[PDB]
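Right, one structure below, let's go through it.
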Amino acid sequence: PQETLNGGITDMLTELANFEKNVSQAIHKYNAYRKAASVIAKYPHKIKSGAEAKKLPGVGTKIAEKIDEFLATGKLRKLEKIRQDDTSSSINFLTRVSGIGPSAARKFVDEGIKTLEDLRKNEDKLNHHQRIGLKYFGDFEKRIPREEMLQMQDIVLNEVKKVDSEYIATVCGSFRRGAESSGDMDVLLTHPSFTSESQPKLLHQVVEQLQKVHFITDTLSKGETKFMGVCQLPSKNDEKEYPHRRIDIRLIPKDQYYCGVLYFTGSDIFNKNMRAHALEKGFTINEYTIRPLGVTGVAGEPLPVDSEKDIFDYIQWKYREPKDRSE
DNA sequence: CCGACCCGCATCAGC
DNA sequence: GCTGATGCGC
DNA sequence: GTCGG
Ligand code: NA
Ligand code: NA
Ligand code: NA
């Protein structure tokens, strides 16, 4: 619905959520507030009272009370107070740096370090991830237009195939569901020589090639199965350079690939529904496998999965195109 | 009432 | 030095 | 903070 509907309320709840996560270090309070903000962002009516909102799943008494106060006054005293609190807004700001979580932001603010400029002055005190997150502070908060995501997909698929024509790579995420923009690029990768019951350089060779053509510009972390880093589309040689973007690459065993693709394609609501349905039919689905249940509830051995459709076949579901996996 | 609320890698704490 | 905990982002 | 066993 139009933000102007309940946008003030969902803005309030989101701010409350960020303070729970970054200042109170209460991840569960944080996600409750986000949950509430979501179910209200979808509600197609200008809420008139907290009691109206409490009918929705995820809205309890506390959030009903804060909505009442927001409607009667246009603000929340506690939010107003926390907004003007130097330490709290500084801690909350520093977590916008990737690699600075609530704990690091707390230690920095406890030492006088409150601003980007303060961070730029104290490189010595930042690990490698945090230095990168500082270096690209602005670029990382930008969304990625789908056309750029396609340009990025082109490069990734090409270089992967150049390394080994037997690799399979799938750009999952909202992008695969058709989204007009993305926040990062999530690449799922596999190779028939890598299974659950089976090379330590399959991921490395792909990362290496993507660095050699100067697509991957920085590394946040890299191991045998998970790469998190930075990439950038090549400049038009006279146009303004593209912003740097976050990219993750995961190597998954071939026998768990399509389960992984299903999961990391989402949406989160969709996955929940799918999993819910699969239990009804005597199956359990996680990000790795689908396994049958016994009458007693004991899971059996993972079932052979050679395509996304196979998952749907097991649970007696018509295959849903990624475009139609919004829920 | 009161516990649940979804792991790979970098780095630290401890030994 | 090795092993486990924690922070972080997902 | 919200839910539910
Ligand atoms: Na409710
Ligand atoms: Na952060
Ligand atoms: Na080949």
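The chains referred to below are lettered A, B, ... by the order of the sequence lines, with proteins before strands, and numbering in each begins at 1. Hydrogens, waters and symmetry mates play no part in the numbers below; they use all other heavy atoms, side chains included.
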Check your understanding: Does the side chain of A/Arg250 get closer than 4.0 angstrom to OP1 or OP2 of C/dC10 through an N or O atom?
Key -> no
Which atom pairs link the protein and nucleotides 3-6 of chain C when you take only N or O atoms and keep those under 3.5 Å?
none

Review point. Judged by modelled atom types alone, do A/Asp255 and A/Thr195 share a side-chain donor-acceptor pair under 3.5 Å?
Key: no
**Study point:** From C/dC10, B/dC9, B/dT11, nucleotide with atom closest to A/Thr225 side chain
**Key:** B/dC9
Exercise for review: Indicate whether any N or O donor in one side chain lies under 3.5 Å from an N or O acceptor in the other, for A/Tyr43 and A/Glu52.
Suggested key: yes
**Study point:** Under 3.5 Å side-chain donor-acceptor pair for A/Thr289 and A/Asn286
**Key:** yes
Review point. Can you find a side-chain donor-acceptor pair between A/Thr115 and A/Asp118 that sits under 3.5 Å?
Key: yes
Review point. Just by distance, with hydrogens left out, do A/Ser98 and A/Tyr136 show a side-chain donor and acceptor under 3.5 Å apart?
Key: no
Check your understanding: What integer distance in Å separates A/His129:NE2 from C/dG7:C1'?
Key -> 11 Å
Review point. For DNA chain D, what string of dots and brackets results from 5' to 3' when Watson-Crick and G-U pairs need both distances under 3.5 Å, crossing pairs get [ ], and pairs with another strand get |?
Key: |||||
Find every protein N or O atom lying less than 3.5 Å from an N or O atom of nucleotides 3-5 of chain D, and list the pairs.
residue	atom	partner	partner atom	Å
D/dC3	OP1	A/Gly58	N	2.9

Review point. Among C/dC10, B/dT11, D/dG1, which nucleotide sits nearest the side chain of A/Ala32?
Key: D/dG1
Revision key, fill the gap. A/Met228 has its side chain closest, among B/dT11, D/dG1, C/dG9, to C/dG9
**Study point:** Touch class at under 4.0 angstrom, heavy-atom based, for A/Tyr288 against every strand present
**Key:** sugar-phosphate
